[PDB]
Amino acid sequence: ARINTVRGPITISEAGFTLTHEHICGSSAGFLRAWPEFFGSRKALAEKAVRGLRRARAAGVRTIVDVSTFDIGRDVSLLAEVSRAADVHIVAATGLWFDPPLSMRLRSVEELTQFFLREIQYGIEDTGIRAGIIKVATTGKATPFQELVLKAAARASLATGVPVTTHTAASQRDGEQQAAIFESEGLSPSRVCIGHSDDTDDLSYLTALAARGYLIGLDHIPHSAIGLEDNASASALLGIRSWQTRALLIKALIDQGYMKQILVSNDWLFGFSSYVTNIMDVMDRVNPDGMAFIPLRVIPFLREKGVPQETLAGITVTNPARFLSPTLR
């Protein structure tokens, strides 16, 4: 019935056009509060974010899912502020990414489950703001720790009905191992979105997951270091496949009958301390549309390639609504 946002619960119908994998800021736990000047200032950053969100809003975006976990330096107070100023719904996450500190690395599956439930049921920190999704990550073969995270995510999910979204090394088929883990915990594929999937040209890997019930996240659309190879760092991060190629995978899946299984996003951000210094400069150069990239460039592009408008609407309105709706077994 309802989805938890940083401003409270909204009904399914209020979500509207939703971007399923984004970030206000990409950082580290405690970083933004200890070194705000790294981003110029906290004020500078929030302003940037608001402007960005207002632009996406103007394009039709009504809601975003900020998948920043505790180790991504998620700051729920920053999220609540910009959500209110931009008037954009923001769904917060719980979960763990790949940079956990010792206090986390040393926990058991049982403890991690506990923490995930806390974030979801009780709320984040002392705010009362409840997470609406669980984020997990692997990057090639899962580490023993990661496996734990995966199980914990599954259990928390099984208890709450809240979906799970993942970060993968697409080219390594991480999705496959993740699914194996989730299934072993009894998790239903329809509550899982395997992300960064557009990062591979292997349609057969994607179609096999789709077939099993999983949701496929085509969220690195605008990531391309095309014409920037003069920059190793940018190249390494964004890759060299064009945005059109990535977009085409969306059509490719539609064509195979998996439209109900597709979720699309930008995986964008307004600040990024967890990478090389000044990386944002490069990014804002690569995609000046920011999070408005999807509605502004991708929707028209697919339309133009023959995708029916109704179909696009299902993908950006319907799929997300279903995904996000907390659903128990």
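For every residue, the number given is its place in the sequence shown, counted from 1.
- Stretches 239 to 247 and 215 to 223 differ in mean CA B factor, with 239 to 247 having the higher one.
- 147 to 155 and 228 to 236 differ in mean CA B-factor, and the higher of the two is recorded for 228 to 236.
- For the set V65, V264, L269, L32, the PDB entry assigns the largest Cα B-factor to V65.
- The PDB entry assigns the greatest CA B-factor among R51, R42, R303, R57 to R303.
- Ranked by C-alpha B-factor against the other modelled residues of its chain, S27 falls in the lowest third.
- In the PDB entry, a CA B factor belonging to the lowest third of its chain's modelled residues is recorded for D75.
- In the PDB entry, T318 places in the middle third of its chain by CA B-factor.
- When the CA B factors of the chain's modelled residues are split into thirds, the value for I129 lands in the lowest one.
- In the PDB entry, a CA B factor belonging to the highest third of its chain's modelled residues is recorded for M280.
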